[PDB]
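Asks: experimental structure and sequence below, a few questions after.
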Amino acid sequence: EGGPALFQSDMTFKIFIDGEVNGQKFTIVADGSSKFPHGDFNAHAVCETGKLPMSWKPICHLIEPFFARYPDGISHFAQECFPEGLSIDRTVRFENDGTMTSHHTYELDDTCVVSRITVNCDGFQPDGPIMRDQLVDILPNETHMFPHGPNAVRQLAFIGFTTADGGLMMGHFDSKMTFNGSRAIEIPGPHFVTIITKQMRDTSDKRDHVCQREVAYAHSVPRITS
Amino acid sequence: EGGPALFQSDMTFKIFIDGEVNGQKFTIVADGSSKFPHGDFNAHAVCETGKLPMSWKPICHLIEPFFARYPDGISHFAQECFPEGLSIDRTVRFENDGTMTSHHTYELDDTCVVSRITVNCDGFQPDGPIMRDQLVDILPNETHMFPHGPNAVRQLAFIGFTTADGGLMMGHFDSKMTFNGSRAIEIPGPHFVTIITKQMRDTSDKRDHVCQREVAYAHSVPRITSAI
Ligand SMILES: [Cl-]
Ligand SMILES: [Cl-]
Ligand SMILES: [Cl-]
Ligand SMILES: [Cl-]
Ligand SMILES: [Cl-]
Ligand SMILES: [Cl-]
Ligand SMILES: [Cl-]
Ligand code: NA
Ligand code: NA
């Protein structure tokens, strides 16, 4: 049948990101695979238009929620959306800096998931650490998942980036995942997805290449009285 | 001799909250105890001024980070701040509703910690579930702890409140904890404090009485250090 049964195989993915920042256009293409049982996977991304005009760091979350590792007591909404598919409407607001707004669609073709993302990054500080490429690491974080009506789940996160000058650049992440289909789908109750990410420069062309690894797994926390 | 050493026994605390919401003043007083190794404690709170003019739920975080339970390998800043103590500046912004800003000061006296808090709850919706007292549960959540430069730690949280409708009202919690002393205090690496909270009514004669339990413990998530 559908949902998690479609993810019971090694999978591949391809992502096409159509973006702009402060009016400068860019294109990123990324691909990779995720081996069953998922939860730990790599992606290789390339800026097709040459040099990325901003830090690659804030792009980390654009470069597959359905590859997170879930325990059986929590419905894995992102996988349950297949085969009809998944759309995401996401905004990351960077403190003292710009806002990135992304619209994602995800389609499954046999064992390859194709992603299309359009992203607008508005109001980024030309002399800030994103535009000057001064972000170094991405902090592991405990994203919060909430039910959001009949066919959607909301993921809220605090994503901190360490910077060359020691202060954190904090992103406020707010992401609505919506099922493309019309059957009833199980909506998980409140829970958490732990996300650990690392991005590394790859040998660079006339184009920026980056390799990225992500570890992602869900858990819950029981209520009182206990 | 200072810091965590001062939390190796059972302790008590006492809290004075001087508040208002959309003009209306209120005062709360609360106390309780926390027994070693901490991480699970109750507070009894009373609105001295009569009936609380809003839901008690949003007050949960006003009514003791030094009583969270930490494992060995994460520095416990809120305890590390003693004997000199610490202050907090905190904003909770509620979606489609008001914002509460508070300023807390903590002082140790033997094995009691005293807290004084002023809080302004501005812009709350008269028709909303906070003012109309329609919030029922407080969702357990994974608060994020970050070093915040010399002498300070930042705690960020998404704190959901289930409404009577069976909907959700999200508070965006942003809290700065600052050491009040003058020596060179260490600051913890990024980590999390899991917080589970339950409020329960006590029979209100003259004044609103609320009893609140909290489970709070820290953990860290390691970063990837291998290449590829
Ligand atoms: Cl351009
Ligand atoms: Cl590629
Ligand atoms: Cl700046
Ligand atoms: Cl690198
Ligand atoms: Cl709002
Ligand atoms: Cl831990
Ligand atoms: Cl790891
Ligand atoms: Na949008
Ligand atoms: Na939209």
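Replies: On my side now, so go ahead. Numbers count the residues shown, from 1 in each chain, chains lettered A, B, ... in the order given. Ligands and ions are numbered 1, 2, ... in the order given.

Asks: ramachandran angles for the residue nearest the centre of chain A?
Replies: The centre of chain A sits closest to residue A:61, judged by C-alpha atoms, centre = their mean, with a distance of 3.1 Å. Phi and psi for residue A:61, reported as degrees, to the nearest 10, are phi -80, psi -10.

Asks: now swap in the one 4 residues further on and tell me
Replies: Dihedral angles of residue A:65 (phi, psi; degrees, to the nearest 10) stand at phi -60, psi -20.

Asks: what sits closest to it if chain neighbours are left out?
Replies: residue A:78 (3.8 Å; C-beta to C-beta, 6 or more residues apart in numbering or on different chains). Every C-beta, even on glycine, is put in place using the N, C-alpha and C of the backbone.

Asks: residue A:41 is in contact with residue A:35, correct?
Replies: Yes. Assessed by C-beta atoms under 8 Å, residue A:35 is found in contact with residue A:41 at 7.4 Å.

Asks: let me see the contact set for the residue nearest to the centre of chain A.
Replies: Contact analysis of residue A:61 by C-beta atoms under 8 Å, 6 or more residues apart in numbering or on different chains lists A:90, A:92, A:159, A:173.

Asks: report the secondary structure element holding the closest residue to ligand 1 within chain A.
Replies: Closest residue of chain A to ligand 1, C-beta to the ion: residue A:25 (4.0 Å). In the assignment (DSSP states H and E), residue A:25 maps to strand A:24-34.

Asks: for that strand, which positions count as buried?
Replies: By neighbour count on 16 or more other C-beta atoms under 10 Å in any protein chain shown, the buried set for strand A:24-34 is A:26, A:28, A:30, A:31, A:32, A:34.

Asks: how far does it sit from its chain's centre?
Replies: In this view, strand A:24-34 has its centroid 12 Å away from the chain centroid, taken as C-alpha atoms, centre = their mean, to the nearest Å.

Asks: can whichever helix or strand comes after it be found next to ligand 1?
Replies: Sequence order places strand A:40-47 as the next helix or strand after strand A:24-34, per DSSP H and E. No. Strand A:40-47 stays clear of ligand 1 (C-beta under 5 Å from the ion), getting no nearer than 12.7 Å.

Asks: send me the following helix or strand past strand A:40-47 as CSV with only the CA atoms.
Replies: Following strand A:40-47 in sequence order, the next helix or strand is helix A:77-80 (DSSP H and E). Output of helix A:77-80 as CSV, limited to C-alpha atoms (Å, rounded to 0.1, in the frame of the first residue of the first chain):
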residue,chain,number,x,y,z
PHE,A,77,3.1,12.4,8.7
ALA,A,78,5.7,13.2,6.0
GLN,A,79,5.8,9.5,4.9
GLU,A,80,2.1,9.1,5.4
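
Asks: mind giving me the packing neighbours of helix A:77-80?
Replies: On a contact count with 3 or more C-beta pairs under 8 Å, 6 or more residues apart in numbering or on different chains; DSSP states H and E, helix A:77-80 meets strand A:168-179.

Asks: now the angle from the strand it packs on to strand B:168-179?
Replies: Counting by axes from the mean of the first three to the mean of the last three C-alpha atoms, to 10 degrees, strand A:168-179 lies at 170 degrees to strand B:168-179.

Asks: list the buried residues for strand A:168-179?
Replies: A:168, A:169, A:170, A:171, A:172, A:173, A:174, A:175, A:177, A:178, A:179.

Asks: now that strand, how far from the chain's geometric center?
Replies: 9 Å.

Asks: got the phi/psi numbers for whichever residue of chain A sits closest to ligand 4?
Replies: Of all residues in chain A, the one sitting closest to ligand 4 is residue A:201 (3.8 Å; C-beta to the ion). Backbone torsions of residue A:201, given as degrees, to the nearest 10, read phi -60, psi 130.

Asks: give the closest residue to it in space, chain neighbours not counted.
Replies: Leaving out its chain neighbours, the residue that sits closest to residue A:201 by C-beta to C-beta, 6+ apart is residue A:210, at 6.4 Å.

Asks: what strand or helix carries that neighbour?
Replies: Following DSSP H and E, one finds residue A:210 within strand A:209-219.

Asks: so which bits of that strand are buried?
Replies: Using 16+ other C-beta under 10 Å as the test for burial, strand A:209-219 gives A:210, A:211, A:212, A:213, A:214, A:215, A:216, A:217, A:218.

Asks: residues from chain A in reach of chain B?
Replies: When proximity is defined by C-beta under 8 Å from any C-beta of the partner chain, chain A lies next to chain B at A:42, A:137, A:139-142, A:144, A:146-147, A:156, A:158, A:160, A:166-168, A:170, A:172, A:190, A:192, A:194, A:196-198, A:200, A:211, A:213, A:215, A:221-225.

Asks: buried subset of those residues, written for ChimeraX?
Replies: Buried members of the residues of chain A next to chain B, defined by 16+ other C-beta under 10 Å, are picked up in ChimeraX with:
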select /A:139,140,141,142,144,146,147,156,158,160,168,170,172,190,192,194,196,197,198,211,213,215,221,224
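
Asks: among the residues of chain A next to chain B, which are in reach of ligand 2?
Replies: For ligand 2, no contacts are drawn from the residues of chain A next to chain B by C-beta under 5 Å from the ion.

Asks: tell me the gap between the helix or strand residue A:157 falls within and the middle of its chain.
Replies: Residue A:157 is located in strand A:152-163, with elements delineated by DSSP H and E. Here strand A:152-163 is found 9 Å from its chain centre; the criterion is C-alpha atoms, centre = their mean.
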